[PDB]
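Visitor: A structural model of the following input is requested.
(chains A, B, C, D, E, F, G, H and I, ligands or ions: 4)
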Amino acid sequence: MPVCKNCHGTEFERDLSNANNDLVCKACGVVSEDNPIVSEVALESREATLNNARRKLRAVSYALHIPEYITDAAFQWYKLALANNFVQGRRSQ
Amino acid sequence: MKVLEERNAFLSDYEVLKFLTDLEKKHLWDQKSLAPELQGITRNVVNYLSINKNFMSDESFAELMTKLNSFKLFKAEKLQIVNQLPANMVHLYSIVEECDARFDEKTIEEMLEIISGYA
Amino acid sequence: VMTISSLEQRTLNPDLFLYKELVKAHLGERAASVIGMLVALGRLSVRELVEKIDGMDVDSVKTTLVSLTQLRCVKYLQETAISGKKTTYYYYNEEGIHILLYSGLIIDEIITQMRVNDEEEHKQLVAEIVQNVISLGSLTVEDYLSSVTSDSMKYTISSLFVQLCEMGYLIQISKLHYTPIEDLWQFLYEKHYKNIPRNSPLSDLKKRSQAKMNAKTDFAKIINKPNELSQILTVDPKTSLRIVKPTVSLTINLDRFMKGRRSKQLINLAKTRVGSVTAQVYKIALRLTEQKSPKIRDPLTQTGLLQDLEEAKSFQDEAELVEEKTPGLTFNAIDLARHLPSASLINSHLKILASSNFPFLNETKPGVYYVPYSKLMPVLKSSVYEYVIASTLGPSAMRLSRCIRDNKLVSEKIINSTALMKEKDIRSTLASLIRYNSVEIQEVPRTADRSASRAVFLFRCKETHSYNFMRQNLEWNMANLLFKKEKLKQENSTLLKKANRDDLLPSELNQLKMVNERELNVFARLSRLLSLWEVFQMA
Amino acid sequence: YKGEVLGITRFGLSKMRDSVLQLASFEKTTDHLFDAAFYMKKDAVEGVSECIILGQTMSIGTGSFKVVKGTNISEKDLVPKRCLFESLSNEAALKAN
Amino acid sequence: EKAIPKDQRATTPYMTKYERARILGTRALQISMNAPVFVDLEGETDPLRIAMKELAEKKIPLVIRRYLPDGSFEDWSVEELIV
Amino acid sequence: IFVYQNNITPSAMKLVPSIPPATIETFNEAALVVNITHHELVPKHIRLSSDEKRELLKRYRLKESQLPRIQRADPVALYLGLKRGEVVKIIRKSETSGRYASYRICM
Amino acid sequence: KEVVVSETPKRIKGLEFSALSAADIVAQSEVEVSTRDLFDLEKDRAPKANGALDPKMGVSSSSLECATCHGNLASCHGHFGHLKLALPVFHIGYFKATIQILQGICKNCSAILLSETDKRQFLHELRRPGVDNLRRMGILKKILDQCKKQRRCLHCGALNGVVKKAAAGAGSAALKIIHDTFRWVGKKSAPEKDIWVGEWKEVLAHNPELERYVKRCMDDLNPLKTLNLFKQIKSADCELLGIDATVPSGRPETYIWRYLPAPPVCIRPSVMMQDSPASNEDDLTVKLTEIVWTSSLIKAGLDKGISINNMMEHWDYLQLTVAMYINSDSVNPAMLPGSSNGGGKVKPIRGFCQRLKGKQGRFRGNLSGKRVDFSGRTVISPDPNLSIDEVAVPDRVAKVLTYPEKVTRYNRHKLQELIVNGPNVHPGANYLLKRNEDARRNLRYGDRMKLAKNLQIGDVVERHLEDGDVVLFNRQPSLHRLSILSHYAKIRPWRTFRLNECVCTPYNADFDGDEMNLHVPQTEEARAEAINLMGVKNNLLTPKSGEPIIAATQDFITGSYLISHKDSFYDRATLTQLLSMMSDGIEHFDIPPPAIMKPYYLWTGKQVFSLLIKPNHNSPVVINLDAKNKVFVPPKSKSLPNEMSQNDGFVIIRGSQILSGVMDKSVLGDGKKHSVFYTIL
Amino acid sequence: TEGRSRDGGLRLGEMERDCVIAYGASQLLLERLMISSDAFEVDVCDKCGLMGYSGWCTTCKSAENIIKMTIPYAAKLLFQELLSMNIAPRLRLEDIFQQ
Amino acid sequence: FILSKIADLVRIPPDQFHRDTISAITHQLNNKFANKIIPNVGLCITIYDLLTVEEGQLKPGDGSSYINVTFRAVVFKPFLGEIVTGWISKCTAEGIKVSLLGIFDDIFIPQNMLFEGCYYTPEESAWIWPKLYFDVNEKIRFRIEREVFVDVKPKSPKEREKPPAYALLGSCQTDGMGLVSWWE
Ligand SMILES: [Zn+2]
Ligand SMILES: [Zn+2]
Ligand SMILES: [Zn+2]
Ligand SMILES: [Zn+2]
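Guide: Numbers count the residues shown, from 1 in each chain, chains lettered A, B, ... in the order given. Ligands and ions are numbered 1, 2, ... in the order given. Dropping the coordinates below:
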């Protein structure tokens, strides 16, 4: 995304060989990032109802043996149908 | 950095231009050498200090003090007469306090006479 | 962030702050910053200053120091330890710069003596006098009148002349006079334990009380020595009438400016609770008795000596009856009905004194029309505070803050009973108050050790902290207001000196009236706030 | 060292040492700093376990002596030079006063 | 607290063995910056070794500056001072 | 100097030191049985004069303070009755390379 | 144009400690945290508008720029933030302090309670120039407690008891401070008490449920109360309570929290996204991001709604977070948590005072104990054919462990060659930094060659680790002055750090499976600060007993013994070859006349060991000595010397020949003073 | 960063660092715990010593009285983690030369 | 014009150690100053004289040879009221900004002492008088009075010029001023 300050190169290779972890472009030789800093290691009416929807959601979820995947897939659908207020007054199940 | 003496020695340019000149004989001598970046000022300050003299001397500086020590000019126009408005008419009268006033005829005229010693 | 915030200039400078702007706004330069050090760091010695201010040793210190002393901006002492030699210690003078801080209402003190000559240059004359007197500090009518033109009418010039006396204006300032009161209580608290002619080894009590008694009675005339002594008053030279002693250096005694500025507040309190006519009667009724009431002088040694669970009372009750007694004979039994407009038959118009009943005056020798005094002020002052949080916190704040006064350490449940409103209001007009202090809190734990929601709360006063929430009024805009006066001086800073030494231009005329009416506003404020501040610092 | 016999202990290094970074660097860390600020301790940076924090050089060891090169200068070259522009024009200010 | 004239000296005239440390160190570092060398350079390279090669001749032109405790300064030549 | 016998009352010590131009020096009789300087360990102590200090502080070029300190009252100090800010030259002896001396000040 | 640029090299003198003032904080901070948390979950992943994390407070990843000074991580240092905080609160570090500062003043009229000259008395003592910091503290202990024994005020007339810091150690109420009336002392009529007993008359007789049950509560000093108390403690005393009043820090006000500064995001690194937009928090930001909440609660509160009883438990809870924030103390005295709990009983609640405090959080381990760079670690194996003061360094870690060289004059013909190798062979360089201080270059760029044909005089190249640079070498938990040593590095094959065994003992490295550390220095002098000072031969002895610490151990001793043995002999063949094997070549030996002659010829093992010391005639080793190697049998007292003890005896060397004795530790075994290696040294 | 895997770099402990002190090696130690590990520039304002970025002091808008210099990055990190917590070691300064 | 004594810290890198001392000193002094202006005095030109050079120190972390000296050099702050050659270069209908060749034009001389009788043209001349206009680059005697020292370098990242670092001002109340051939 940046550019070589010398060759004006458009493509970079990181170099993982010698445990420098350089970042340099084929046409420049000038580095860009040396020293690759790399990391390690409430109360609301709507948000609470979202948590409850999570609970009734998980509950019925594995009961049918459905993917942990598809549940958080559908939880979003609930969040969407909340926007049009379709979900307000009809039996929660 | 720390400045020990701000106003120290009033320096007119008579042989000072000659001092920059000797400094230039040391390094690069202006134009013709074959035949530091500092040189920018050299060619610059040497310019006007040279030309109004043409449009110099050395020992006239010693000749300069002779009657110049007889006046009230203090240090200001006293150095100023050496270069700008070479001591004529209302020019010399245009600066120093009481330039005609008290002292008139031979005072303003002998200024035209002494500058004839140099210019 | 934007610097219009004005926090640095604001919050972190109490107490001391007022001074080192006053002098800065007044004397300024090096002359100011010395006092800023002197107040903050306490008592201080000549040499020790230079280790801090970096003020070019024994140059500014000396020159600016005496530059203050003739204006009495410092408290001054010198002595030696047992080793030998000598040394000098200092303080920030009394209220001191205070003298400067008013100086306008000290101009207004003309109005008292203004009688018998009205709408005159004589007014302008005596005004010129005083405004020269404070500015020049100590004066002598011999050197001043000497500098004043000859070949005019001497006893006519002097204005004061036979007036210099009055209550206010000037007194000799003598030696240990402005030596700090607290310390001269120590030097005078010598000579007594210092001289005990081996009376008895037992009972330091006989050594103690006698000492304090000796300390009290010997101290009495000490402040009374300057108070009045006929060396000024009596002298009557040849070819003349009764004169002061112009040989003597004199300086304005602010105590009768204390009293004077204060009695106006006693009016504006009374000018409420009675009728304007009988009010005026009270207005002149003080003018005769405004002389001897100690007033802001009475606290005096209330500073400097350890109070007592008893002897402090024997000091209080003494001040209670005292001058209501001996100066009580100086006080008002039958007034002259001095001037007054009421007219025609004027006597029963005077009998109206009893119309003053609550909460002040209205005591006497049994049936001569008269007022208590030395006890009056104590049962008066305590009730001078009036409304200090009206048109600031809202009227609703009064009623319960006033209610918190009657009972004490009372709980909001029954506050909701005696006082009344939807709790939705109380939790504002009370909680919003507590941030401004006053009410504080009492609390006691119930069914817990101490916890969050396991106890009950009560509300109290502690009128000290209350009466002390308005000493911020000192630091308040007497902080900012005086800057306003200064930090705007830079708008015309180049134009000001131009306008002073010129006596033109469109923009010059443009902002003259701007910055000026601006000023007249800022000092209007200063007069108002000052008038309020006149209470809490003493009385 | 000081008259009383003490030291080696959390309380020990509080015997003398003024440095509050090492007294912070040693045992009680938090409250050497807070205590240190509440009394506005000046704490000149001096010892070793002090300087290695700021990472400046060391007072003791090789860092014991500044090293210097001689300039090999001739002060006969240090005399100023002028034709005395001052001296000539001086005598115009000596009169009428 | 000024400088002390060379005539009177209280200090060990030998090398303090930190002498040998910082002197070779700084001298080497200077040689790494392309500074002239005052000893014949035999066939060899890199900064530090020619510095050792130099001080063996006591040709190093520096001056060690010792501080007594109070700040009374000091001087010794590198040539004067002895291994 | 007088001595205690058994009791020592802080009453007495409450204001004991009432004489600035002079001083008082107090011992508890239990504390004087054998003279400490004469014991075994305690090396010989010498109280050098006022001017004798100045010589020293010139030798090592030293201000006051910045010296090993003897806290007043130390058992030794009271026996030798040092005053505030004096200098006791201590000659110790231990077989290592031999005898030598160090200095302490009374703070 | 161009006004002159004057900069001076500067170094630190001293650290002025102090409390930041109230105003000074915002006078720093760019933006109020204020607002609330939410990190605007919408649009971008936590683009975090204003709030706790704001770009103009700082940044976290290498993602977006820093606002105030952009340039992301590497170029920006972080910037503080400040927090409008409704009502003030105690400061757990200055707390016990605050109990001192409030301890020593009559709480009524709020003036220093000690009086008269006795004030001046202490004041004088504090200002005597020689006063230590110890005398500061102690004299302050003497000036304080005079308060407690001052049984009433001086000019206020009111009185005061002791202030006890209610309960202890809990953190429930433990930060509430209580002080009102000690010493009822019976027959004393206290006008205070009088008015006191008189005040509750309007409650007990009114709402009796409390009565004498909950009675005897004293009263408390609310932190809000104690601010409007402190603000009259100023000037005059000031430093008599221990605070030099230079008029910058504004006297004992700041010590209670008012504007709580928010540390930069670089102190609060947002944990990596770690696989999907859920992005791991860090704990403090959760704390103060709650402090905003429980604050603005009371801010919107106290304006209109809530209530007195539903207030002080909040503002309390504020107190418990802000102190919880900067220290450990209170954990759960049944206080129960706030936002983002779940109620799981999680003990490690802090990433604050602990990060600065113990274990290795930072202070001890991460600052004085800094982890290092340009290093290496490996197992060990002996290499006795290698000299002392070298370390065989496996070239495969020599390729990546580099030393910088400023190419100058003498250095070219190596270095303008040394590049053309490239760093996949051994004796080459990798990085290159030209004179113009751009960034640097390396092998991956190709070229070189024509590049290496330029190589100006100021350029920096990074050599591989050649044969003879300066490696300092370390073992394990390091017992004493001898662990770190230097060595001239020598590059060999295989892979391991191979030292010479004679140096086993200082490390007490057993070989076996242990592990060393290589550290190359970098700056051109630090080499000369290792090899020339800290090196082997100069540390040959040990600092404690002044004793040889490096000598033959195990094989090297006993092997010598078998050659040292009186029984052995040698012939000019075997001798000659030994004496050759003793220094691999290279040297000039003058064979001394054979110890025994005529029946053949033989040289005794004593001699063939003598030549070890003095090989030529031109080596300047002329020694002499005597000793007792261990298991020394006595001779008969008949024998005047101990020379003639039956199994050798004295090792007595004269003329730098061995005369008598097997050697066997002792003489050549580092332990005692009298040693061949120690004497020669 | 710690260990292998992550990357490399090794450890001079509080226990070990003392060693190089005993030798009295200054430029080595400063060459180790400073340049080799975290070499970092900080811009401090002589007046009211505090850290600032590039030009500004930001407690007093200046870009004038500030002097650049170098310092272990852990040390800065302590000047903030301190200065966040309410305390400030405000740095004085002095020039190196002329005694 | 005048001379002044300033103290400074010279840093000589190892390179020049072959070159004689005073030359390297003077050299680094020039590379530091030359055209550059020291504020609240006015700009320098070159280093005239030299003195008081003492044994130069060496700092641990660098090894560059450091000295500190004091000396006198050639500045320009001539004096307040003065008349000297110059002309119009970049100027407004207000008073011209005078220029001397090759040094600088910082000097903007307002409209005050300059003759009251005038009329402006957008063409070539600033103010033509009852005596007339004047030419660029022509020798022109002008008078100066006040100088302004402002450094004003509040370099800001929010801000990432205003360079009147040094400037003078004046006007001409006597004749032959603005055109020298009026006099002479
Ligand atoms: Zn590129
Ligand atoms: Zn930034
Ligand atoms: Zn009190
Ligand atoms: Zn600053």
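
Visitor: Which SSE is immediately downstream of the longest helix anywhere in chain E?
Guide: Taking DSSP state H as the criterion, chain E has its longest helix at helix E:19-32. Sequence order places helix E:47-55 as the next helix or strand after helix E:19-32, per DSSP states H and E.

Visitor: How about the residues of chain H by chain I?
Guide: H:26-27, H:30, H:53-56, H:61, H:63-64, H:96-98 (CB under 8 Å from any CB of the partner chain). The way it works is simple: take the backbone N, C-alpha and C, and place the C-beta from them, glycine included.

Visitor: Spell out which helix or strand contains the closest residue to chain F within chain H, please.
Guide: Taking CB to the nearest CB, chain F has its nearest neighbour within chain H at residue H:99, 16.6 Å off. Residue H:99 is located outside every helix and strand, with elements delineated by DSSP H and E.

Visitor: what's the closest non-adjacent residue to it?
Guide: Once flanking residues are discounted, residue H:99 sits nearest to residue E:71: 7.4 Å by CB to CB, 6 or more residues apart in numbering or on different chains.

Visitor: What's the local residue count around that neighbour?
Guide: Using other CB atoms under 10 Å in any protein chain shown, residue E:71 has 10 other residues around it.

Visitor: coming back round to it: could you check the distance from the residue of chain H closest to chain F over to chain B?
Guide: Distance, residue H:99 to chain B, using CB to the nearest CB, to the nearest Å: 15 Å.

Visitor: And residue G:290, by the same measure?
Guide: Using CB to the nearest CB, one obtains 52 Å as the distance from residue G:290 to chain B.

Visitor: Tell me how many other residues surround that residue.
Guide: Neighbours around residue G:290, by other CB under 10 Å: 22.

Visitor: follow-up on the earlier one: and the residue of chain H closest to chain F, how far from residue B:50?
Guide: From residue H:99 across to residue B:50, the span is 47 Å (CB to CB, to the nearest Å).

Visitor: Mind telling me which residue is nearest the centre of chain F?
Guide: What sits nearest the mean C-alpha location of chain F, by CA atoms, centre = their mean, is residue F:77, with 2.4 Å.

Visitor: State the next helix or strand along the chain beyond whichever strand or helix holds it.
Guide: Using DSSP H and E, residue F:77 maps to helix F:75-80. As assigned by DSSP H and E, the chain's next helix or strand after helix F:75-80 is strand F:87-94.

Visitor: who touches that next one?
Guide: For strand F:87-94, contacts defined as CB atoms under 8 Å, 6 or more residues apart in numbering or on different chains pick out F:43-48, F:52-53, F:56, F:67, F:70, F:80, F:82, F:99-106.

Visitor: ok, now how distant is whichever residue of chain E sits closest to chain F from residue D:45?
Guide: Closest contact between chain E and chain F, by CB to the nearest CB, is at residue E:70 (4.7 Å). To residue D:45, residue E:70 is 20 Å away according to CB to CB.

Visitor: Those two: which is more packed in?
Guide: Ranked by neighbour count (other CB under 10 Å), residue E:70 and residue D:45 place residue D:45 first, with 20 against 12.

Visitor: pretty sure that one is touching residue G:14, no?
Guide: Yes - in terms of CB atoms under 8 Å, residue D:45 counts as a neighbour of residue G:14; the distance is 5.6 Å.

Visitor: Distance check, residue G:475 against ligand 1.
Guide: Separation of residue G:475 from ligand 1 (CB to the ion, to the nearest Å) stands at 44 Å.

Visitor: sorry, back to before: from the contacts of strand F:87-94, which ones fall inside strands?
Guide: Using DSSP state E, the members of these that fall in strands are F:44-47, F:70, F:99-106.

Visitor: any idea which residue sits dead centre in chain H?
Guide: Per CA atoms, centre = their mean, the C-alpha nearest to the average position across chain H is that of residue H:71, at 2.7 Å.
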